[PDB]
Amino acid sequence: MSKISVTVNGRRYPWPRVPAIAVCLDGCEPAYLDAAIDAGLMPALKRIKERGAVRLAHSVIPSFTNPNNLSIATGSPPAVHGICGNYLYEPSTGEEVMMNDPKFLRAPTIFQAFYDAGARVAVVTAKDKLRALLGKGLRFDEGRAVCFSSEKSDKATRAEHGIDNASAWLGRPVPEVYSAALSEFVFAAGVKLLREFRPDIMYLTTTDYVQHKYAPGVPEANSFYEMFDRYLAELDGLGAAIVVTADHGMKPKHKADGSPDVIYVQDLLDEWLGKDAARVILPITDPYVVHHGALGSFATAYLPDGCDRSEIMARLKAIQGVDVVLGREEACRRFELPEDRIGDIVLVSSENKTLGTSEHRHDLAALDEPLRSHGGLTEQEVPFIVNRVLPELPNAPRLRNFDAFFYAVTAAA
Ligand SMILES: [Zn+2]
Ligand SMILES: [Zn+2]
């Protein structure tokens with residue numbers, strides 16, 4: 001007898017005999033789990049690690065939320081699926097255009113491919129914009145798909161989400177967007193879906209709210225992972241094959257005095273090339289954001305026609321804190337990104353620095369606590385833990401976070 005599989009974006013996924021789950025722990029620097037385990041707070045993950053397969057994996061660069069979630073969802077890098085930031089800039093038009101709409105997704109998700117093959121599929125996110133992206137191609141007329149966010153759980157309908165009011169269904173209020181509870185809702189929905197819906201494929205993804213605010217091992221960080229472990233214990237107890245991974249890690253990005261440590265790329269380019277001759281883009285978040293949530297460790301820049309790219313790159317790389325500077329072609333090959341949605345040059349900052357645009361009218365910082373962020377090579381390493389014996393499972397740099405569903409269904413088969 002031939003084995004059953006689903007082929008998606010050039011990869012063959014065996015059909016899962018038991019439910020196959022990937023959990024994306026947003027911003028989960030491996031140190032978070034080590035600290036919580038060491039404090040005795042994750043007895044289930046501790047045991048799961050001992051008896052399963054424990055690895056580190058590499059995220060996509062940029063180590064941002066959307067590109068990495070979409071990579072996990074499609075099993076492919078952004079060169080394939082097209083989502084490589086929150087927005088891009090169009091030199092013609094002079095327009096900044098949001099890349100977080102499903103129309104910009106260029107490759108099918110694993111979720112749609114399994115759904116189209118007759119599977120039961122469930123996707124739960126914390127934020128609703130990612131929900132719409134992740135849910136592209138799912139259908140809700142056969143009772144075989146569920147897709148909603150904690151954020152808009154009370155707005156779910158049968159026809160568009162596969163469930164009527166997921167808040168009422170789960171029996172928990174809609175959580176505050178800026179809370180651990182937004183992510184707890186996802187875990188809780190996941191458990192209830194596993195019991196009652198019995199998906200063949202399920203993705204659970206959260207937000208990095210806690211991780212931007214709190215370093216590994218501090219009480220609030222430990223409490224979050226203590227909470228996760230309870231849901232993990234339950235998913236594991238119900239017999240699912242589970243991969244726990246992350247979209248990206250998290251590192252402190254502040255000076256000794258606790259203030260943000262930023263390299264203002266637009267200021268530098270204005271000086272060398274003329275004011276606004278170039279455009280620096282900060283794709284970590286939406287373009288309107290100026291409140292320190294716009295500070296990450298990866299940036300891209302669009303340069304005036306004719307200028308000396310090679311020269312400009314050398315000038316940027318000479319700056320302390322700027323670790324990597326690549327032209328479009330090279331950055332796209334190295335990081336597996338789409339040339340048509342990346343700037344002329346790509347910049348990656350050092351471990352404890354971020355990249356900003358300018359101090360002209362500035363980038364007024366919001367929250368109090370010392371800056372923590374992601375986007376660079378120093379937030380690329382993430383946990384990758386499976387609750388099954390898989391001695392052949394590769395390790396980083398070969399293992400990618402977007403191998404999560406490949407190995408989950410393999411373990412489930
Ligand atoms: Zn994230
Ligand atoms: Zn973040």
Side-chain angles (χ1 to χ4, degrees), residues 26-27 62-70 78 82-105 125-134 149-152 155 176-179 182 207-209 211-213 247-248 250 253 259-270 275-303 337 340-347 349 353-369 371-376:
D26 285 49
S63 49
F64 291 159
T65 305
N66 289 354
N68 278 99
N69 274 86
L70 272 297
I83 309 304
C84 53
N86 271 220
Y87 72 102
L88 65 89
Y89 176 75
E90 299 193 327
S92 67
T93 322
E95 208 77 288
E96 278 170 7
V97 43
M98 296 324 99
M99 210 67 14
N100 65 345
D101 187 294
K103 70 189 177 193
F104 297 100
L105 189 46
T125 72
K127 299 294 282 298
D128 205 60
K129 283 295 280 192
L130 185 58
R131 192 275 312 161
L133 265 174
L134 290 181
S149 65
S150 309
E151 185 188 12
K152 266 60 186 275
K155 305 295 199 268
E176 293 284 340
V177 171
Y178 296 109
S179 69
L182 195 70
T207 75
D208 61 357
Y209 168 76
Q211 298 70 23
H212 273 286
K213 285 179 88 90
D247 50 0
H248 54 78
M250 191 72 70
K253 312 281 181 184
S259 66
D261 202 357
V262 190
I263 296 156
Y264 295 97
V265 188
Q266 194 65 60
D267 286 337
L268 297 165
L269 293 184
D270 287 352
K275 184 183 164 69
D276 292 324
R279 180 65 158 269
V280 182
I281 294 306
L282 306 182
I284 192 164
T285 190
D286 295 352
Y288 59 77
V289 184
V290 276
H291 281 268
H292 101 297
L295 293 176
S297 297
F298 177 101
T300 192
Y302 299 78
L303 302 172
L337 302 178
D340 75 322
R341 294 180 173 174
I342 286 301
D344 292 305
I345 64 171
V346 162
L347 294 83
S349 63
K353 304 211 183 203
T354 57
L355 301 166
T357 53
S358 50
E359 301 203 68
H360 73 66
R361 285 170 295 105
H362 204 50
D363 217 350
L364 190 146
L367 285 162
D368 175 58
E369 73 282 320
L371 184 63
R372 305 178 46 74
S373 202
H374 50 97

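Along the sequence shown, residues are numbered consecutively beginning with 1. Below, each value reflects all heavy atoms present in this structure, side chains not excepted, and no hydrogens, waters or symmetry copies.
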| request: Would you list the pairs meeting ring pair (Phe, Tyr, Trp, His ring centres under 6.0 Å) in which at least one residue belongs to residues 282-303, sequence neighbours left out? | output: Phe64-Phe298, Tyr89-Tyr302
| remark: Those residues at least two apart in sequence (or on a different chain) that pass salt bridge (charged side-chain N to carboxylate O under 4.0 Å, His left out) with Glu96 are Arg279
| field | Audit row: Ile281, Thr300, side-chain contact (heavy atoms from CB on, under 4.5 Å) steps and yes/no | value | CA-CA 5 Å; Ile281 294 306; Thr300 192; 3.8 Å; yes
| query | Taking everything shown except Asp340 itself, do over 12 heavy atoms lie less than 6.0 Å from its CG? | reply | yes
| said: With heavy-atom distances below 4.5 Å as the criterion, would you say the side chains of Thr125 and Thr207 are in contact? | reply: no
| Nearest 0.5 Å, what's the CG-OG1 distance between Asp208 and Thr65? | 5.0 Å
| note | When rounded to the nearest 0.5 Å, the distance separating OG1 of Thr285 from CG of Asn66 is 9.0 Å
| query | Does NZ in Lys127 sit with more than 12 non-hydrogen atoms of other residues, nucleotides or ligands closer than 6.0 Å? | reply | no
| message | Do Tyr264 and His362 make a side-chain contact, defined as non-hydrogen atoms from C-beta onward lying under 4.5 Å apart? | response | yes
| field | Beyond-backbone contact of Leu337 with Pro62, side-chain heavy atoms, under 4.5 angstrom | value | yes
| Distance-only donor-acceptor check, side chains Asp247 and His374, under 3.5 Å | no
| Under 6.0 Å from the CD atom of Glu176, do we count more than 12 heavy atoms belonging to anything else shown? | no
| query | Are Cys84 and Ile342 side-chain neighbours, meaning at least one heavy-atom pair lies under 4.5 Å? | reply | yes
| Going from CZ on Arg372 to CD on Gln211, what distance comes out if it is rounded to the nearest 0.5 angstrom? | 8.5 Å
| task | Side-chain contact test, heavy atoms from C-beta onward, threshold under 4.5 Å: evaluate it for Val262 versus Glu359 and give yes or no. | result | no
| request: Begin from the C-alpha positions of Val289 and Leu282 and carry the test side-chain contact (heavy atoms from CB on, under 4.5 Å) through to its verdict. | output: CA-CA 10 Å; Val289 184; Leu282 306 182; over 6 Å; no
| note | Those residues at least two apart in sequence (or on a different chain) that pass side chain to side chain contact (heavy atoms under 4.5 Å, CB included) with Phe104 are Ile83, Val97, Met99, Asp101, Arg341
| said: Just verifying a value: how many Å separate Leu134 CG and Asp128 CG, rounded to the nearest 0.5 Å? | reply: 10.5 Å
| Does the side chain of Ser373 come within less than 4.5 Å of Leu295's, by heavy atoms? | no
| message | Does any part of the side chain of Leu268, heavy atoms only, come nearer than 4.5 Å to the side chain of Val280, both counted from C-beta? | response | no
| query | Rounded to the nearest 0.5 Å, how far apart are CD of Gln266 and CG of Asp363? | reply | 11.5 Å
| message | For the CG atom of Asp276 and the NE2 atom of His360, what is their distance to the nearest 0.5 Å? | response | 5.5 Å
| task | Locate the shortest heavy-atom distance separating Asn68 from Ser63; write the atom from each residue and the value. | result | OD1-CA, 3.6 Å
| query | Would one find more than 12 heavy atoms of other residues, nucleotides or ligands at under 6.0 Å from atom NZ of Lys155? | reply | no
